[PDB]
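Structure assessment
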Amino acid sequence: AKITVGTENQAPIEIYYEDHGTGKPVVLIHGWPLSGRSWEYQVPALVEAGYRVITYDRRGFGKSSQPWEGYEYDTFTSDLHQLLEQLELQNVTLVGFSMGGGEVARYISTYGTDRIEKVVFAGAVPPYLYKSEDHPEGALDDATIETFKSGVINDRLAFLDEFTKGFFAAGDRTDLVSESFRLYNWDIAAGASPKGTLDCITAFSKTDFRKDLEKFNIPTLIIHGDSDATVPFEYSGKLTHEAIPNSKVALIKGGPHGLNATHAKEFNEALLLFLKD
Amino acid sequence: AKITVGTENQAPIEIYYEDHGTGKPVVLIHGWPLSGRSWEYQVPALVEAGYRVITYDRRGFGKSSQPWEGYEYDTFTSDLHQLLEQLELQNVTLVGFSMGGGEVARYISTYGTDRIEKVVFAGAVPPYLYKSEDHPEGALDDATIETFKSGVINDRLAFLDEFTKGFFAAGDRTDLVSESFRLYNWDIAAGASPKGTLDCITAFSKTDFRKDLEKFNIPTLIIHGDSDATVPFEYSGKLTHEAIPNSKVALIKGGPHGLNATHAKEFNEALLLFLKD
Amino acid sequence: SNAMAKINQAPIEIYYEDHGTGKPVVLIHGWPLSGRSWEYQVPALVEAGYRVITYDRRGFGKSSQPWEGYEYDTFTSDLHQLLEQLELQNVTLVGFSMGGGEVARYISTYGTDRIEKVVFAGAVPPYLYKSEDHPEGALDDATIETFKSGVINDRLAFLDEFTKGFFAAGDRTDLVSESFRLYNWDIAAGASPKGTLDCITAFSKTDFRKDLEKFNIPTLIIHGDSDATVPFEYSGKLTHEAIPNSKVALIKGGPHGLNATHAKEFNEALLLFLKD
Ligand SMILES: [Cl-]
Ligand SMILES: [Cl-]
Ligand SMILES: [Cl-]
Ligand code: NA
Ligand code: NA
């Protein structure tokens, strides 16, 4: 229940995954800096609705290897390719949460749709989060990005504590998950690679997926919160929907970034409607 | 230190175990939703007394694989059998704590007594924990059972926080462990399979071991607290003792469910006096 | 990346991580933590052009948790197997707290052919035990027994308290966040209870004074002036005095865990010594 996806200095880089149930495959791709365990509220709904659910832990996160390099989307996407190939998956639905939307974007662009029936962008970073002189439309400027980087560099554990509180907060509303659930998530992020945790920030904030979204001509759903403080709908999900013909949008009212946990009922109803269609 | 005990969706199921010391083998089987680490206070006393001590993590728990299926006693007992077979254990004592009493009961019933010297039911779920009009001497009625399942389904992490508090409390006394120790146990439970955690509730509450206990013709010890909130003596150990006429009881005054930790000396004394010839 | 080094029936494996390319710097963590304790050193070392290897001592972090071998003969044998398996050359061994014991015993037992330099950081040599005959130690019998009975009786609570002192410099108890402290508590909580206990005797009562007589290579002592567990005066000071040509970096306000609280100074001292 590890996939070997490469080597670094001749040591295998191994990806931890879980593969549950019977049915068409739904591959769930977690956000930063969490793991496959962040999909707790989705897995049973999906299996009960007749799908086979695969989660995996991105390199550097969860129970996967912690290499020094490879923390960019070409490699992240190759890692996903090895998983789909090794499990011999067909008619797959790719569900990318937050930075996992990047693997989705790039997978279609690089490897095409032979194996892929449908895709879902859930609170996801495309089309391109960076705000700059060349891309004045985006959400995250250098200054904002540097704060994340400097937090991870100077006190990652305290920064993660703060980040996880905000991840499940919608505006003023900070009671959408229990303190135990928050701490649980903090601890999943605590164990991650410090290097991978840092490099991911650059990857998810500054990778431009616009060219990739062009190759999308399969059914596509955007699930997103209207109160997402990390990846604002107007700068991400809304534009991914507008980039992709025939895509559907489920804007969840009062949904924060971690809306798959906070608004599980609504998230799953939108996801399940989309899959059975 | 893993044993492969099966396969599901093309991937092995592995059980983590530890094997310490030299002498007669004593296999310690943990309760829900913890791991082999719950035996911290027993292992050293057993090793020092000249026993070889094997702990393992039940499928779905601790460091073992987290599959989707197999969370019922036929499989759990099959996993135990493979552990005994693979480690070639002879002249074994099985010690089952809480739901681990179920593997004890079912092993003897299914595989016989040829490998087995003695057995111990510690705060253990047999004979049959379900409580109903027709089976009034169970411990857990439908409503209670549904409160467990609901808690795990809707906020497992908060539910576990509360469960761990009651686990070590003897009536109104809740200072029997430190907060650090309780939180340690919380974290062990947090990392378990959500599905395994849920299905176990049905396994331990609705499995009838009465027929299995009929086959116990080997020396049997019941160790149980008189203040066990989760598995009360009167509706479990007391009845196991009555079901197995040879059996000895060590009823520990002020003992909560987690009495192997709160009353380690009294627990260990009962175990050592029984283990000896 | 990470890998396992093979070192009843099941092999003992040591978990290690190997990052970057260049001359190797092998970081040996203190009790009862793991390789993850080096968080603040790894990046600066690789950025400076070194390869950084960390490993988890048997019983700790992600390594096997056997019943025996929790003494410096075996701990140093484990280190030797790792360096042999990786075929390392020109190594700088960095031993934090009890990890200075592996450094001392490695040079004494296996010699220096694979080793260019050594660093004793907040380290337990020359001999941490404090007694009548050996007043120059740090830890007396009453203190040692407090550690043992704490670990036997409520290891989790003992660790919570230990981790508070680890990062405190006298009255400065704000040097790390609660989050960081609790992260370190959890790393310790998952270690072997048996290894955790036996290490106390290994780090407190092993005498490395004859080992330090074999040191004829460049040597840096990095130590805090406010280390409650391993006071400079009874450790790093004496290790420096034992070793000719050895350098000292005494960090002002540094507690035991100064590699985290004072990363900037710890790292400056280390890099200056590595390139010389
Ligand atoms: Cl993300
Ligand atoms: Cl149980
Ligand atoms: Cl130490
Ligand atoms: Na953990
Ligand atoms: Na027998």
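Residues numbered from 1 in each chain as written, not as in the entry; some residues may be left out. Chains lettered and ligands numbered in written order. Heavy atoms only, no water.

What the entry reports as its method is X-ray crystallography, with 1.74 Å given for the resolution.

Some words on the overall build of chain A
What chain A contains, in helices and strands, is 10 helices and eight strands. In terms of overall dimensions, chain A has C-alpha extents of about 50 × 45 × 40 Å along its principal axes. Of the contacts made within chain A by residues no fewer than 6 positions apart, 76% connect residues no fewer than 24 positions apart. Taken as a whole, chain A presents about 10200 Å² of accessible surface, with 49% of it coming from carbon and sulfur. Separation of charge centres in chain A, based on 26 positive and 40 negative side chains, amounts to 3 Å. (Helix = DSSP H or I, 4+ residues; strand = E, 2+ residues; numbered from the N terminus. Contact = heavy atoms within 4.5 Å. Areas by Shrake-Rupley, 256 points an atom, 1.4 Å probe, with all protein chains shown as cover. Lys, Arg positive; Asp, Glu negative; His and termini not counted. Charge placed at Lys NZ, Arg CZ, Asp CG, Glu CD.)

Observations concerning the sheet that holds strand β5 (residues 92-97) of chain A
Either a parallel or an antiparallel arrangement is found when strands of a sheet pair, and the pairing is made through backbone hydrogen bonds. All names here are of chain A. Judged by pairing direction, the sheet is mixed, and its eight strands sit side by side in the order β1-β2-β4-β3-β5-β6-β7-β8 without closing on themselves. If you trace the sheet from one side to the other, it starts and ends with β1 (2-8) and β8 (248-252), each paired once. Here the average twist between neighbouring strands, direction ignored, is 20°. Note: β1 against strand β2 (residues 11-20), six bridges, orientation antiparallel. Looking across to β2, one finds that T4 is bridged to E14. Strands β1, β2, β3 (24-29), β4 (51-56), β5 and β6 (116-122) of the sheet are contacted by helix α2 (residues 73-86), whose axis makes an angle of about 140° with β1. (Pairing = 2+ DSSP bridges. Axes fitted to C-alpha atoms, helices over the stretch in contact; angles between N-to-C directions.)

Details of the pairing of strand β4 (residues 50-55) of chain C
Residue and element names in this part refer to chain C. Taking burial as the measure, the six residues of β4 include six buried ones, the bulk of the element. By the alternation rule, side chains of β4 split into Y50, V52 and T54 and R51, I53 and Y55, which are all buried. Across four bridges, the pairing between strand β2 (residues 13-19) and β4 is antiparallel. Within the sheet, the bridge partner assigned to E17 lies in β4 and is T54. Judged from the six bridges that link them, strand β3 (residues 23-28) and β4 form a sheet pairing that is parallel. Each residue of the ladder has a partner; that of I28, found in β4, is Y55. Read from β3 through helix α1 (residues 42-47) to β4, the crossover connection turns out right-handed. (Buried < 20%, exposed > 50% of the residue type's maximum accessible area, 1.4 Å probe, protein only. Right-handed = clockwise from strand over helix to strand, strands pointing away.)

What to know about the relation of the copies chain A and chain B
In screw terms, the move from chain A to chain B is a rotation of 120° and a rise of 0.1 Å along the axis, fitting with an RMSD of 0.5 Å. Classification of the inter-copy transformation places it as that of a three-fold axis. Across chain A, the smallest distance between a C-alpha and the rotation axis is recorded for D187 of chain A, namely 5.3 Å. (Least-squares fit on C-alpha atoms.)

Considering the pairing of strand β8 (residues 247-251) of chain C
Here strand β7 (residues 219-224) of chain C pairs with β8 of chain C via five bridges, running parallel. For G224 of chain C, the partnering residue across the bridge sits in β8 of chain C and is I251 of chain C.

Digging into the pattern of salt bridges
Using the criterion set out here, one finds 59 salt bridges over all chains in the structure. A salt bridge links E39 of chain C to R156 of chain A; the shortest N-O distance between them is 2.8 Å. Of this pair, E39 of chain C sits in the loop between β3 and α1 while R156 of chain A is found in helix α4 (residues 142-167), placing the two residues in two different chains. Using a relative accessible area of 1% as the deciding quantity, one classes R156 of chain A as buried. A salt bridge links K195 of chain B to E69 of chain B; the shortest N-O distance between them is 3.8 Å. Note that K195 of chain B is positioned in helix α6 (residues 194-206) and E69 of chain B in the loop between β4 (51-56) and α2 (73-86), a separation of 126 residues in sequence. (Salt bridge = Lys/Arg side-chain N within 4 Å of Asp/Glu carboxyl O.)

Quick notes on the interface of chain A and chain C
Taken residue by residue, the interface counts 22 residues in chain A and 19 residues in chain C. Across the interface of chain A and chain C, roughly 1500 Å² is buried in total on both sides, 50% from carbon and sulfur atoms. Counting the surface chain A buries against chain C, the share from its top three residues, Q66, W68 and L157 of chain A, is 37%. Joining chain A to chain C, the criterion identifies one salt bridge. With seven residues, the top contributor of residues to the side of chain A that touches chain C is α4 of chain A. A class-by-class count of the residues in the side of chain A that touches chain C yields 12 nonpolar, five polar and five charged. (Buried area = accessible area lost by both parts, 1.4 Å probe. Nonpolar A, V, L, I, M, F, W, Y, C, P; charged D, E, K, R; others polar.)

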